[PDB]
Amino acid sequence: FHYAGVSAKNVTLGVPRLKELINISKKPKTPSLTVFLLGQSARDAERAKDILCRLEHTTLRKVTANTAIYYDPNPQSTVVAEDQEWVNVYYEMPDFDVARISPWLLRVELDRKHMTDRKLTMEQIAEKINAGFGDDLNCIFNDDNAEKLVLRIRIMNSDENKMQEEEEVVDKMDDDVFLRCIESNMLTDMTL
Amino acid sequence: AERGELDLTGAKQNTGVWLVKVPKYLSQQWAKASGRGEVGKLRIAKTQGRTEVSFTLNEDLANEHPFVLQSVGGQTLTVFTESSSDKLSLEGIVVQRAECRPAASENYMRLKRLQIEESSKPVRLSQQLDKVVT
Amino acid sequence: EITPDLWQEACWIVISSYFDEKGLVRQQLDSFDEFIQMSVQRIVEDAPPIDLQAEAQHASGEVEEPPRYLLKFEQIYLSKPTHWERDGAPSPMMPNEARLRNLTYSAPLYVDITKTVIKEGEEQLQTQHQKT
Amino acid sequence: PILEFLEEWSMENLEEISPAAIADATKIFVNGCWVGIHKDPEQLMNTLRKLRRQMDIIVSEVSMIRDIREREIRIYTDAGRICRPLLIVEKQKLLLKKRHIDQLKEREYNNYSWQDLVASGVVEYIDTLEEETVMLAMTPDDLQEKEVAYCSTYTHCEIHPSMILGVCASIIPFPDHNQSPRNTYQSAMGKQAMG
Amino acid sequence: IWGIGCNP
Amino acid sequence: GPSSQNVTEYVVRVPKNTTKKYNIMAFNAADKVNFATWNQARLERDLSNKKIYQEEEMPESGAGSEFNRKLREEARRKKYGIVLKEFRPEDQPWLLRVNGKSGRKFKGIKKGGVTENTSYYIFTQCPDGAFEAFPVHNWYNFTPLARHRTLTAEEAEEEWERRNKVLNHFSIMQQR
Amino acid sequence: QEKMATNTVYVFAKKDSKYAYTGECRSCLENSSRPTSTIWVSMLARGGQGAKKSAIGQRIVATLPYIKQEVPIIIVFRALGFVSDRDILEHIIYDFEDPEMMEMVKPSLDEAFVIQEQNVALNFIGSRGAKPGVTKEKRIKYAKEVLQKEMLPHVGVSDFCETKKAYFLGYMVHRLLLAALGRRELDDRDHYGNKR
Amino acid sequence: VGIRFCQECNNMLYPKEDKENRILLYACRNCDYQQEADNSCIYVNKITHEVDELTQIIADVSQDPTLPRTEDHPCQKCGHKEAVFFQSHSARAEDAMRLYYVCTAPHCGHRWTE
Amino acid sequence: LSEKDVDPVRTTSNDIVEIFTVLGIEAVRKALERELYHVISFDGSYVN
Ligand SMILES: [Zn+2]
Ligand SMILES: [Zn+2]
């Protein structure tokens, strides 16, 4: 209670810290790490900011304004009026359309303030999501010029086809429930 | 046609009935005689865009009751009777609900206090005894 | 009739009235008075009546032949604190005598009990025991 | 008695309530049991407080609390609630007037006592739950009187601020000029004094 | 009793 | 016309006794109860005491204890608990079955809160033109039961063991 | 001797407990008789992760007295006799217009979608009851007795008071949901209004 | 967004897709009723949860004696000078000390934030 | 420590168990001494 504001960090001191050190507790109450910058990063505040961004855990939930799960039978139909332009541009030379298109759509809006604060890139987020889920997720990203940052996600086109003659009637989670599970996992453990 | 059949003729005729919540003093005044076939007169006065309902206590019975209406659109109510001959029947559907309120404000609280004392008569309390029982 | 700048006298007059009517230990006394006056009687009345009958006694036709005994407690009475001597003669117990002689300051507790016998003889008798 | 009065004063019972109508009406709890809902809360609350101040149907110990933001009226007749007496303020004027203190001053041979003050409606008992809904003035003359506007809606006033202290702390002279741990220590030492 | 940085 | 200023006043009659008692039948608005399809209905006292009170003491009661063993058997069962309660129909809920089994089934329960300080009366039009008031003997709230397939209790236990039903529940309902 | 107030609903947040928010009510039969029986309505934390668990997220459970295992809340409402999902939500959510509260209630409804019979729900409560249950009939009658008397006694103990108990249980759930949404502040144990 | 309850069974309707017609159908699991969905949105989650508290504020709070009242800010709807002013009073309100003014005087019930 | 533009020599964590797993027993001897000295000398008190 009677530390100072100079520290600008939560610090365990006094009898509790003595007990933590004496008992060698596996989990300290306030684990902390002091990072000393090597060279120019120490001299310049902006470079230090870059290192900070490198060292601080960031998930999709931190940079996501809101998520909505839609049902769009046709990608060209563009049930959302806003995504008409860029969906049309992407489907002028469609990619992975030959496999199929999953009708269920996950639409994620990313806050520009948080995106620019952490200096994340829409292409960077798309690459990370694509790598994490392989080809099971197909991502469409707006240009940065667009006022609203929109990321459109659909289930795998190959998975939608199932690429199987038998096709199995198991129908696990259908596609909407599976998409909700994907959204929760992405938000919690994206580790962008 | 069976013992458990419900005579829905009242529902077919769409007979309309009114439900009213009335106080215990009025009901007990009615129950005092309860066999004279008369307890009062219900007077309804309607205007261009407003209707008022009032009940007058019988002069013999006493030795004004405004009625406030309530909306019945939130719940559908019907009245059914179990005849002593085991012939269930439906009398009608409730189309209006009303409440009867006392006219007196303060002096009515005196009668309420008397009713409270009457209801508290059966309540028994520990009694102090001066001399130990031998 | 407002009281301006005479408030120091007035507030202590009303405080004095409070403490004159209600003593410092009023909470304990009032709670105990509630106990004795209401709670004891309510506890007596809340208890279910005792129902007792014989276990098919005499092995006869036994058409409800075993009698039914019903007990209902009522109308609890408390006497003033009393001490009974070695002679058995009751006498009032003053609190100081209780302190000196290590007695317990207690008051006798009496209950009216009504006992009904139903022997299936077409007659039920409800004897009453007063101040048990 | 409170439940009977509430039934008289247009309180719809939970059984007769249409589930949709609950949302827009205040819920009335008596001793922790949700008796019903009332469409117009403020009129009922004023009537209940009038009855308590006249000591007609609601006893003085009964506490009525209205949570305006949560649309709940709670009435507690339970035992064990701790209460303190407070003066009542109507408009910005104390209800206690010179006639009351004149009658109290001649308390002998006038048979006017604290019970008469409670029955008159000058003072009221308020528990902590009701204290949350009460605007209090530490000192009547200073806070009630018009100044640079801080509060113009005082509802109750403290009889005297020194009554917050207990029996042992009341023997301390000039308690406000001491450090707090020292008052705490004197409260313990005074129990061990000889007399 | 003094301040936030002192004692209570 | 006369409708804008009509004043109607009628006599009130309260007969001392009526052969048929008067009750209140209340349906929830969301249920959308409609009497046009009510060609026939069956209202009767419930038998749920079959499951939890009576004829549940069928086999052990008629097993065949006799003599001293009969006396002991009866006395032992009685003293074991507090004499199991049997059918007392007047103090039991009501079951309504509209249009036989095909139509909807409703269950009415007596209003537990008694009206010790309130009474309810019903006004009905009559040819004599005077209102008649009848006291409400009882209040009943009827709630419907869907005429859909009901999960068996044993199957329900088996399904609940698999609380993590990753597969679609609708297909599971179709399988049943 | 100071004690926490009876016959009141208090919502607290316990970090150690798996439940994110727990709402407890200690009920006494007008102080006339019987020990005070506490019924807890708790909301499981979203921290637990699974394909179905993450999709459902927060799921409400109820710790009824004298039942060893936690009972899903929709099952308790069905045991009281309110089978229809709409009616249960009518008791729990006073205004259906608000979407957030209905979203909170949805997972618990999904968890209990297996049980749609009042008798089956009563049997389930009896089976998970701490006292042993020999047969289905005995379990159903025992669980009905527990609901009639042991749970929420102050609302009612007899006289077909299921509707009153349903409304008060729904009030407890409504307050727990409001606390989870953050619309109402979590209650404080130290307030002397609560400390009889 | 909103949850729709089926008429036939009075139970919750869960989303379902008809493969033949590619039409979204809200179908109960317990009963066979199916309804076409106009909204075409299944699940919406606002992580920012930037929801105005002006809707949540009740007009009844104006009667509270404990609330502070300002005559400095006039009412927009009716021009009544008095207006009780209070903060968010909400958990999970993030970090906002905005004053949510509520016009006093009977039946105005106007809530504005400056 | 592995991240670029972070000094490997001087970066230190307050948790002694992490120091033991990453740097060794001798490093923990020194780190435990440092942490105990910090808790002792925060008030300004001195222990030899
Ligand atoms: Zn349906
Ligand atoms: Zn205004």
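Residues numbered from 1 in each chain as written, not as in the entry; some residues may be left out. Chains lettered and ligands numbered in written order. Part of a larger assembly, values for the part shown. Heavy atoms only, no water.

Its PDB record attributes the structure to cryo-EM, giving the resolution as 5.47 Å.

Anyone opening this PDB entry will find it titled "Structure of transcribing complex 2 (TC2), the initially transcribing complex with Pol II positioned 2nt downstream of TSS".

(A) Representation of the sheet that holds strand β6 (residues 83-86) of chain H in the model. Residues and elements named next belong to chain H. As summarised here, the arrangement of the four strands in space is β5-β6-β7-β8, forming an open sheet in which the pairing is antiparallel. The open sheet terminates on both sides in strands that have one partner only, identified here as β5 (69-70) and β8 (111-113). Here four bridges tie β6 to strand β7 (residues 100-103), and the two strands are oriented antiparallel to one another. The partner of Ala-83 across the bridge, within β7, is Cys-103. (Pairing = 2+ DSSP bridges. Helix = DSSP H or I, 4+ residues; strand = E, 2+ residues; numbered from the N terminus.)

(B) Summary view of the sheet that holds strand β4 (residues 60-63) of chain G. All names here are of chain G. Spatially, the five strands line up as an open sheet ordered β1-β2-β3-β4-β5, and their pairing is antiparallel. Looking along the sheet, the strands with just one partner apiece sit at the ends: β1 (9-12) and β5 (71-72). Helix α7 (residues 162-181) contacts β1, β2 (19-29), β3 (33-44) and β4 of the sheet and is inclined by roughly 40 degrees relative to β3. (Contact = heavy atoms within 4.5 Å. Axes fitted to C-alpha atoms, helices over the stretch in contact; angles between N-to-C directions.)

(C) Region of interest: the environment of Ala-121 of chain G. Residues and elements named next belong to chain G. For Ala-121, the position within the fold is in helix α5 (residues 118-127). Counting along the chain gives 38 residues from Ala-121 to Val-83, while the straight-line C-alpha distance between them is 9.6 Å. The contact partners of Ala-121, leaving out residues within four places of it in the chain, are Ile-75, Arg-78, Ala-79 and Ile-115.

(D) Spotlight on helix α3 (residues 85-92) of chain G. Most of α3 of chain G is tucked away: eight of the eight residues are buried. Residues of α3 of chain G that are buried: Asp-85, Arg-86, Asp-87, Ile-88, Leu-89, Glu-90, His-91 and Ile-92 of chain G. Where α3 of chain G is buried, its residues touch β2 (21-28) of chain F together with α2 (73-79), α4 (99-111) and α7 of chain G. A distance of 3.3 Å separates the backbone nitrogen of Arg-86 of chain G from a side-chain oxygen at the start of α3 of chain G, and that oxygen is part of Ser-84 of chain G. (Buried < 20%, exposed > 50% of the residue type's maximum accessible area, 1.4 Å probe, protein only. Polar contact = N/O pair within 3.5 Å; in protein donor to acceptor, adjacent residues only side chain to side chain.)

(E) Fine view of the interface of chain F and chain B. Contacts between the two partners involve 51 residues from chain F and, on the opposite side, 50 residues from chain B. Taken together, both faces of the contact between chain F and chain B bury some 4,600 Å²; the carbon and sulfur share is 58%. It is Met-25, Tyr-121 and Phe-123 of chain F in chain F that bury the most area against chain B; as a group they hold 13% of the surface buried on that side. Our count for the chain F to chain B interface comes out at two salt bridges. Notably, a salt bridge pairs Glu-2 of chain B with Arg-42 of chain F, separated by 3.1 Å at the nearest N-O pair. Across the contact surface, chain F and chain B share 20 residue pairs in polar contact. Elements represented by at least two residues in the side of chain F that touches chain B include exactly β1 (7-13), β2, β3 (41-45), β4 (94-98), β6 (119-124) and β8 (138-145) of chain F. Residue contributions to the side of chain F that touches chain B peak at eight residues, all from β2 of chain F. Within the side of chain F that touches chain B, the residues separate by chemical class into 27 nonpolar, 17 polar and seven charged. (Buried area = accessible area lost by both parts, 1.4 Å probe. Salt bridge = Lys/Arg side-chain N within 4 Å of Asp/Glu carboxyl O. Nonpolar A, V, L, I, M, F, W, Y, C, P; charged D, E, K, R; others polar.)

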